[PDB]
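Heads up: the structure comes next, in structure tokens.
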Amino acid sequence: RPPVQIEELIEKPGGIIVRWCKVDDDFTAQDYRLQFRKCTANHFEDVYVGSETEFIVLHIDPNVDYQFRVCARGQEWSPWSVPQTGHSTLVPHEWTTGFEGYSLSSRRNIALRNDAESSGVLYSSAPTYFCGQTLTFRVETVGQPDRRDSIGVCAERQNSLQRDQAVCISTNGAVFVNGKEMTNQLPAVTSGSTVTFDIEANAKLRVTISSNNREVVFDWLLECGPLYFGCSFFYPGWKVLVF
Ligand SMILES: [Hg+2]
Ligand SMILES: [Hg+2]
Ligand SMILES: [Hg+2]
Ligand SMILES: [Hg+2]
Ligand SMILES: [Hg+2]
Ligand SMILES: [Hg+2]
Ligand SMILES: [Hg+2]
Ligand SMILES: [Hg+2]
Ligand SMILES: [Hg+2]
Ligand SMILES: [Hg+2]
Ligand SMILES: [Hg+2]
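Numbers 180 to 253, 257 to 341, 345 to 386, 399 to 420, 423 to 442, taken from PDB author numbering, label the letters of the sequence shown in order.
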């Protein structure tokens, strides 16, 4: 028989875990080969070749069906598994509603620092930044900068995000890791600037922050369950979209 089949597809907000089963005990596997394609597309691409029986597929479009197949070697490759189609799950990124100092768009994904007083950080409505996602913000409008400005991700909704157990950028391009500024800076944000967060596997994560065609990579040590994101601006007029 074709010696391997896909046994589990674990669909998550930031990707898909594919796990396969050797379905013929008499086969001796040296290597496995996993391929994928968008169901809209007509060409498979290798994503994993190796001896493990699972692979975490990241950086796929939510909403979108992909098809996966796997074979094995143990020399020529074996016939393919039956294909299996999966998709990442959809959990939309939204700002908290009802937080004093911020006004939201209809779909709750654009926040504006208005003229009211504000308690502190405007957090995401829940911890919806998941392992494997690319989290993207865009600055729609600006106001006066202040070093209490931040945009970032953090482990708990705590009563700026320049503090422990968070990573964030300020509006001058400075980057903070658990409250401590890094040497390397990004360009200051202007209207139209995007800020992107990518994170890679206590716990040590390696964070890539990209903004205005520059990036900085560094290690983040926290105590990868889902994260909050947040923003804080001291002066009015700043407006940020999260994708
Ligand atoms: Hg099995
Ligand atoms: Hg199995
Ligand atoms: Hg298995
Ligand atoms: Hg399909
Ligand atoms: Hg094959
Ligand atoms: Hg993940
Ligand atoms: Hg937090
Ligand atoms: Hg932050
Ligand atoms: Hg910050
Ligand atoms: Hg995490
Ligand atoms: Hg912000």
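Built from N, CA and C at the ideal position, the CB exists for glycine as well.
- In the three-state reduction of the DSSP assignment, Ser-285 falls in the strand class.
- Per DSSP, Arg-216 is one residue of the beta strand (DSSP E) stretching across 210-217.
- Under the three-state reduction of DSSP output, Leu-272 falls in the coil class, being neither helix nor strand.
- Annotation for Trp-259 indicates a beta carbon within 6 Å of some heavy atom of ligand 5.
- For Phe-247, the enclosing beta strand (DSSP E) has its first and last residue at 245-252.
- Within the same chain, and ignoring the five residues on either side of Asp-328 in sequence, the residues whose Cβ sits closer than 8 Å to its Cβ are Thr-356, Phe-432, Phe-433 and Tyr-434.
- Apart from the 5 residues on each side of it in sequence, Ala-373 sits with its Cβ closer than 6 Å to the Cβ of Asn-357 and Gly-358 in its chain, given in chain order.
- The distance from the Cβ of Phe-319 to that of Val-441 is about 5 Å, consistent with a contact at the 8 Å cut-off.
- The three-state secondary structure of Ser-345, taken from DSSP, is coil.
- Residue nearest to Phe-247 within the set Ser-378, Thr-323, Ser-285 and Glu-187 is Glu-187 (criterion: CA-CA distance).
- Within the same chain, Cβ atoms closer than 6 Å to the Cβ of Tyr-311 are found at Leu-317, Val-335, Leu-426 and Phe-428, the five residues on either side in sequence being excluded.
- The C-alpha of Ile-235 is placed about 31 Å away from the C-alpha of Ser-378.
- In this structure, the alpha-carbon of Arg-339 lies about 12 Å from that of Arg-348.
- For ligand 9, no non-hydrogen atom lies closer than 6 Å to the CB of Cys-430.
- As the crow flies, the alpha-carbon of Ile-189 is around 45 Å from that of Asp-297.
- Every residue with a CB closer than 5 Å to a heavy atom of ligand 8 is listed here in chain order: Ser-332, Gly-334, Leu-346, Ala-351 and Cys-353.
- Out of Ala-293, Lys-438, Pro-274 and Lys-401, the CA that lies nearest to the CA of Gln-350 is found in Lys-401.
- Between the region 261-270 and the region 190-207 there are three or more C-beta pairs closer than 8 Å, enough to call the two in contact.
- Cβ contact annotation for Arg-252 (same chain, cutoff 6 Å, sequence separation greater than five): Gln-209 and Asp-210, in chain order.
- Its Cα nearest to that of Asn-369, the residue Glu-412 stands out among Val-404, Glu-412 and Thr-375.
- Taking C-alpha positions only, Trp-259 is separated from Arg-295 by approximately 58 Å.
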